[PDB]
Number of protein chains: 2
Amino acid sequence: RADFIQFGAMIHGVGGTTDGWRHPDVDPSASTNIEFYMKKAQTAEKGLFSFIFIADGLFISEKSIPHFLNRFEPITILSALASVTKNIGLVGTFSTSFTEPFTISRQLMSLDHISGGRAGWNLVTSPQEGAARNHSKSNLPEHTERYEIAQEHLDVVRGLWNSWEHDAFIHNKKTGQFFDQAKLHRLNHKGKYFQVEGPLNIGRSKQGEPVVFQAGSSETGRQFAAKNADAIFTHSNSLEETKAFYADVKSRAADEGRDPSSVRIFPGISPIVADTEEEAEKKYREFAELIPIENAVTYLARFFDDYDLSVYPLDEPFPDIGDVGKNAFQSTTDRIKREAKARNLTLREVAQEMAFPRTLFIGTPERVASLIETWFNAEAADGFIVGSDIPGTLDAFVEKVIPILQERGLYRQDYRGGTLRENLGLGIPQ
Amino acid sequence: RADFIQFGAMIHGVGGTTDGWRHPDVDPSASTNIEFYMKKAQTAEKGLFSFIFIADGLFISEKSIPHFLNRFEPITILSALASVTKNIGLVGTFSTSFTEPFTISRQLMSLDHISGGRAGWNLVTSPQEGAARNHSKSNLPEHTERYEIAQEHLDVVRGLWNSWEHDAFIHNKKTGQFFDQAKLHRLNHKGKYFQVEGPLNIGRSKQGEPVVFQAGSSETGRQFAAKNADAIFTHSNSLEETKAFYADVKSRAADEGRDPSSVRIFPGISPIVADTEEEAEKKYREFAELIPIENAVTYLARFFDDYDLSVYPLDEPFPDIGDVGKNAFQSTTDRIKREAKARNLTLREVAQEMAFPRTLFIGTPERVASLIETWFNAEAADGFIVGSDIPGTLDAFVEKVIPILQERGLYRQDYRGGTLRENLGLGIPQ
Ligand SMILES: Cc1cc2nc3c(=O)[nH]c(=O)nc-3n(C[C@H](O)[C@H](O)[C@H](O)COP(=O)(O)O)c2cc1C
Ligand SMILES: Cc1cc2nc3c(=O)[nH]c(=O)nc-3n(C[C@H](O)[C@H](O)[C@H](O)COP(=O)(O)O)c2cc1C
Ligand SMILES: Cc1cc2nc3c(=O)[nH]c(=O)nc-3n(C)c2cc1C
Ligand SMILES: Cc1cc2nc3c(=O)[nH]c(=O)nc-3n(C)c2cc1C
């Protein structure tokens with residue numbers, strides 16, 4: 001592999017779980033704490049990370065996780081972070097389902113100008129049915145139609161980004177010609193879902209226009225990402241699954257007539273790094289133990305529930321519960337029984353691990369760096385998006401894993417440049 | 001008057017004119033120059049200004065002024081400026097015509113959290129017919145209906161801001177109660193124009209919720225501002241007109257059952273401050289002279305056009321042109337003829353002044369401070385929104401006028417507090 005691996009940092013307030021915020025080290029106000037976001041962003045920039053990433057959603061209930069209840073909105077926090085960072089990308093989730101493309105186009109391009117060409121857009125078709133009812137709609141469109149809407153939305157956004165050629169603004173004080181009128185282009189778009197005349201009232205950025213990220217995993221979504229995205233998010237459930245996703249999406253991109261190397265695949269990992277195997281495992285256990293055990297056992301009960309687990313002593317080995325009642329959830333139950341027997345887990349531990357599974361990327365910096373290199377060399381990844389809910393795991397990753405990857409020649413010593421496109425290794429499409 | 005006068009700073013890139021950008025001192029890239037915006041914002045904060053203000057529009061053509069062609073978008077530039085300012089308010093224009101209230105509510109409240117309670121919203125019903133065609137509409141609603149839409153939009157935005165009570169987030173790690181469910185409130189709004197269930201996914205800010213600004217001047221708009229706004233923008237065409245506007249809007253606010261002192265009126269002025277009367281006049285003339293004279297004379301020709309002005313020597317006195325062809329534009333033409341005779345203006349000078357009129361607020365700091373005090377004491381203003389297109393006029397205002405108003409006891413020595421509500425003298429509505 002002639003290329004270097006890249007990382008993004010997902011900054012996610014008090015985190016992705018129901019009860020992680022209860023750890024002594026967590027600031028339960030993190031999700032609306034500007035200092036927290038700034039510190040995390042600057043830590044990722046110290047690690048030469050290609051970008052930070054702000055995930056988003058548009059509907060909550062009393063049962064939504066704490067981070068989702070009360071948090072920053074993405075374009076605003078990214079713009080605030082632009083002023084206190086230098087080279088790191090600024091990638092935010094925005095939905096195609098509700099907001100007009102002119103608005104999204106303008107806000108992303110303005111962020112691109114504020115930041116000197118670091119903006120990115122994680123394009124999502126909102127999957128949250130209730131979000132429709134926050135935006136004056138009775139219901140969401142069906143899955144397939146959501147991706148039709150998204151294609152038109154994206155086409156308009158990119159069309160509007162190209163309203164002005166890169167050299168349109170000649171600013172000639174002597175002649176009074178502020179712009180070259182031949183370099184201005186109206187979109188004049190009249191489609192099924194959007195009608196947008198243009199032109200956009202902001203020109204090209206220092207990277208041309210923002211970078212597009214996408215996370216589709218269905219048949220439709222994978223094809224949409226391969227057709228449209230500069231970078232693609234995916235999961236890291238197993239090396240084998242992630243390798244297959246990578247190859248499939250790269251093949252789709254070729255089918256769409258693109259160079260597959262122009263499509264950068266980033267699986268998400270949440271590594272737990274510590275100086276010893278035992279210290280990392282301790283940190284995992286500290287977090288896994290936070291879940292109210294009754295809630296975890298009840299959720300565990302799902303995969304069995306031919307039994308009442310509240311009979312069994314929590315601190316005795318997981319019972320030999322087992323009845324093939326169809327394959328109702330038997331692919332999982334078999335997995336659960338295996339791991340419980342393999343590591344002699346108690347009922348309590350099984351419940352805790354099901355509520356908060358143990359990452360593969362746990363242990364010493366050398367181990368975690370080696371696994372990352374293995375996934376990279378196996379073409380499971382062009383980089384990773386790194387979650388850091390557990391306090392200190394971003395710091396530990398930057399301080400201890402990055403230098404190993406640098407020493408091994410898999411990671412740069414310095415930022416490639418000042419724009420997101422340059423640091424991802426992409427060109428500017430003007 | 002027991003209260004102090006307040007100022008806002010309108011930051012407007014290369015400015016509000018067609019040709020001001022051609023002055024030697026102007027940076028023609030100002031409208032997308034982050035440094036320019038940051039410098040202006042910090043200058044206003046040095047002057048203890050209550051807020052900065054970002055105006056906006058959503059439609060352009062080849063004839064739009066240079067600033068409108070290529071500029072920052074408001075929520076993004078305000079959020080970026082939040083990170084490099086401390087106490088000064090952050091007020092942006094957003095339209096009720098196109099964007100959904102959930103989005104606007106979220107973005108403003110997120111800015112309010114990022115900035116520690118400095119956000120403000122200048123609510124406008126977009127008057128630009130072409131903006132409709134940038135947002136998948138055939139045309140704008142009629143004027144009256146635009147204000148009906150705006151009322152519902154604002155009601156939903158404010159409703160959503162109150163999804164969470166100020167003390168809802170108890171963050172009790174020991175019990176696991178992250179929030180008090182009794183302090184969460186769904187909007188469940190089902191109106192003519194919007195249907196928005198809620199709740200909003202961000203809580204109360206340090207000033208409760210953002211401050212609402214409005215600039216309505218029609219019968220309908222004045223009533224809407226008196227009913228809804230915390231602060232109102234208006235013009236400064238003459239002391240008499242602005243006094244009448246002030247009294248009218250304060251009376252309307254009482255009719256709506258509000259305390260008129262809770263409604264702060266800010267006329268817009270663009271002062272030209274210099275150490276001598278003659279130096280200030282020189283600066284005005286330098287800018288007035290930039291307009292292509294042919295364009296200015298043609299525009300001047302409008303108010304006459306019973307003549308071809310290209311006959312008359314530019315540098316000879318303005319002719320005694322005059323025929324009461326109806327009152328077609330005779331209230332103005334009479335004014336034009338009067339001033340030309342009063343100051344013995346040439347054809348060229350008349351054309352130049354019509355293209356770029358001379359502010360009343362021109363001359364020494366002592367004069368400009370005295371005029372401001374006179375307007376304040378006459379109840380024409382609770383403060384002023386200060387434009388600064390001409391390079392250095394914000395600096396000159398802060399450095400030379402503010403200290404006089406401080407010495408005279410009309411202006412504070414220090415910020416009152418860290419929130420926009422506190423510095424405007426308003427309370428938080430929770
Ligand atoms: C790194 C990563 C980030 C994601 N961010 C979001 C997000 O911000 N908002 C969201 O609704 N879903 C997010 N997802 C979930 C994906 O959107 C979802 O799995 C995918 O869209 C399903 O594919 P489909 O659209 O074809 O159905 C993310 C997934 C990954 C792997
Ligand atoms: C200080 C000030 C700021 C203004 N900012 C904007 C603006 O950002 N966008 C806009 O379209 N109009 C702006 N205007 C123009 C007013 O919106 C317009 O004169 C007013 O809405 C007319 O009243 P009406 O809505 O009742 O018709 C501004 C006016 C003033 C005095
Ligand atoms: C990595 C990942 C992040 C996600 N983030 C959000 C989010 O921020 N808001 C939301 O409503 N849903 C999410 N969802 C559903 C997510 C899903 C995944 C897989
Ligand atoms: C003070 C003032 C500011 C304005 N600003 C804008 C603007 O930024 N964009 C726009 O399209 N129209 C404006 N308009 C029409 C304005 C009008 C006034 C009176």
Side-chain angles (χ1 to χ4, degrees), chain A residues 8-13 15-16 31 53-61 64-65 67-69 71-74 91-97 121-128 130-131 134 143-144 146-147 150 201 213-226 231-237 242 245 265-270 383-387 389, chain B residues 8 10-13 15-16 31 53-61 64-65 67-69 71-74 92-93 95 122 124 126-128 130-131 134 201 215 217 233-237 266-270 385-387 389:
Chain A
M10 182 171 163
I11 304 173
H12 211 51
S31 302
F53 168 56
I54 305 294
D56 201 43
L58 302 169
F59 184 77
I60 53 164
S61 73
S64 299
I65 58 169
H67 175 59
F68 291 0
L69 300 175
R71 55 162 159 188
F72 291 126
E73 178 280 339
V91 180
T93 293
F94 304 90
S95 182
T96 56
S97 302
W121 174 16
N122 179 41
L123 184 159
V124 301
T125 87
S126 312
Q128 0 167 238
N134 276 342
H143 184 79
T144 290
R146 288 199 296 265
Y147 270 108
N201 52 359
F213 284 70
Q214 222 277 318
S217 64
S218 70
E219 248 294 309
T220 304
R222 291 186 188 205
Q223 196 65 33
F224 179 93
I232 294 171
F233 293 143
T234 184
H235 66 67
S236 62
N237 293 349
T242 306
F245 178 93
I265 296 189
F266 286 84
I269 56 171
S270 285
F384 287 93
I385 170 70
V386 178
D389 285 353
Chain B
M10 182 171 163
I11 304 173
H12 211 51
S31 302
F53 168 56
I54 305 294
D56 201 43
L58 302 169
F59 184 77
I60 53 164
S61 73
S64 299
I65 58 169
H67 175 59
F68 291 0
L69 300 175
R71 55 162 159 188
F72 291 126
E73 178 280 339
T93 293
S95 182
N122 179 41
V124 301
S126 312
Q128 0 167 238
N134 276 342
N201 52 359
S217 64
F233 293 143
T234 184
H235 66 67
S236 62
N237 293 349
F266 286 84
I269 56 171
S270 285
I385 170 70
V386 178
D389 285 353

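Numbered from 1 within each chain, the chains take letters A, B, ... in sequence-line order. All values below were derived from every heavy atom in this structure, side-chain atoms included, with hydrogens, water molecules and symmetry-related copies excluded. Order of listing sets the numbers, starting from 1, for every ligand and every atom in it.
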## Note on the structure
Distance col, row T234(A):OG1 vs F384(A):CZ, nearest 0.5 angstrom, shows 10.5 Å

### Task
Among all protein heavy atoms, pick out the one at the shortest distance from atom 26 (O) of ligand 1; state its residue, atom name and that distance to 0.1 Å.
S218(A) OG, 2.4 Å

## Note on the structure
Between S126(B) and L58(B), the two heavy atoms sitting closest are OG-CD1, 3.8 Å

### Task
Tell me, please, which residues at least two apart from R146(A) pass salt bridge (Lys or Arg N to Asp or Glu O under 4.0 Å).
none

### Query
What residue and atom, counting heavy atoms only, is the protein's closest point to atom 7 (C) of ligand 1, and at what distance?
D56(A) O, 3.7 Å

### Query
Side chain, backbone, both or neither: which part of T220(A) comes within less than 4.0 Å of ligand 1 when only heavy atoms are counted?
neither

### Message
Over 60° means perpendicular and under 30° means parallel, so tell me whether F233(B) and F266(B) are parallel, tilted or perpendicular.
### Response
perpendicular

### Task
Just need the protein heavy atom nearest to atom 27 (O) of ligand 1, so name the residue and atom and give the distance.
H143(A) CE1, 3.0 Å

### Query
Would a 4.0 Å cut-off, counted as strictly less than, catch a protein heavy atom around atom 1 (C) of ligand 1?
yes

### Message
Suppose we screen for side chain to side chain donor-acceptor pair (under 3.5 Å). Which residues come up paired with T93(B), at least two apart in sequence or across chains?
### Response
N122(B)

### Query
If we ignore angles and hydrogens, is there a donor and acceptor under 3.5 Å between the side chains of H143(A) and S218(A)?
yes

### Query
Any non-hydrogen protein atom below 4.0 Å of atom 9 (N) of ligand 1?
yes

Just list the N/O pairs, ligand 3 to protein, that are under 3.5 Å apart, with the distance for each.
unit_1	atom_1	unit_2	atom_2	d
ligand 3	8 (O)	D56(A)	N	3.3
ligand 3	8 (O)	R71(A)	NH1	2.8
ligand 3	8 (O)	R71(A)	NH2	3.4
ligand 3	9 (N)	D56(A)	O	3.3
ligand 3	9 (N)	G57(A)	N	3.3
ligand 3	9 (N)	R71(A)	NH2	3.0
ligand 3	11 (O)	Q128(A)	NE2	3.0

#### Entry: CD1 on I54(A) to CZ on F94(A), rounded to 0.5 Å
9.5 Å

### Query
Which heavy atom of the protein is the closest neighbour of atom 25 (O) of ligand 1, given with residue, atom name and distance?
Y147(A) OH, 2.5 Å

#### Entry: Atoms in ligand 1 with a heavy atom of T234(A) nearer than 4.0 Å
31 (C)

### Query
Donor-acceptor pair, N201(A) side chain versus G57(B) backbone, under 3.5 Å?
yes

### Query
So, does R222(A) use its side chain to make a donor-acceptor pair with the main chain of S217(A) at under 3.5 Å?
yes

### Query
Under 30°, 30 to 60°, or over 60°: which ring-plane class applies to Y147(A) and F224(A), parallel, tilted or perpendicular?
tilted

### Task
Would you mind running through ligand 1 and noting each atom that sits below 4.0 Å from a heavy atom of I385(A)?
1 (C)

### Task
With heavy atoms of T93(A) as the reference, note each atom of ligand 1 found under 4.0 Å away.
7 (C), 8 (O)

## Note on the structure
For atom 6 (C) of ligand 1, the closest protein heavy atom turns out to be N122(A) ND2, 4.2 Å

### Summary
A student checking ligand 1 against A55(A) at a 4.0 Å heavy-atom cut-off should list atoms 8 (O)

### Value rounded to 0.5 Å, distance of CG in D56(B) from CZ in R71(B)
5.0 Å

### Task
Check whether any side-chain N or O of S236(A) sits under 3.5 Å from a backbone N or O of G268(A) as a donor-acceptor pair, and report yes or no.
yes

#### Entry: Protein heavy-atom partner closest to atom 28 (C) of ligand 1 - residue, atom, separation in Å
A215(A) CB, 4.2 Å

#### Entry: For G221(A), the ligand 1 atoms whose distance to one of its heavy atoms is below 4.0 Å
26 (O)

#### Entry: Shortest protein heavy-atom distance from atom 13 (C) of ligand 1, along with the residue and atom involved
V124(A) CG1, 4.9 Å

### Message
Give me the residue, atom name and distance of the protein heavy atom closest to atom 22 (C) of ligand 1.
### Response
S217(A) OG, 3.2 Å

#### Entry: Minimal non-hydrogen separation, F68(B) against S64(B), with atom names
CB-CB, 4.2 Å

### Query
Can you find a protein heavy atom under 4.0 Å from atom 15 (C) of ligand 1?
no

### Query
Can a non-hydrogen atom of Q128(A) be found less than 4.0 Å from any atom of ligand 1?
no

### Task
Check the angle between the aromatic planes of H12(B) and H67(B) and answer parallel, tilted or perpendicular using the 30° and 60° thresholds.
tilted

### Task
List for me each residue that meets side chain to side chain contact (heavy atoms under 4.5 Å, CB included) alongside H235(B), sequence neighbours excluded, and say none if there are none.
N237(B), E241(B)

### Task
Please work out which of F224(A), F53(A), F233(A) has its closest non-hydrogen atom nearest to atom 5 (N) of ligand 1.
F53(A)

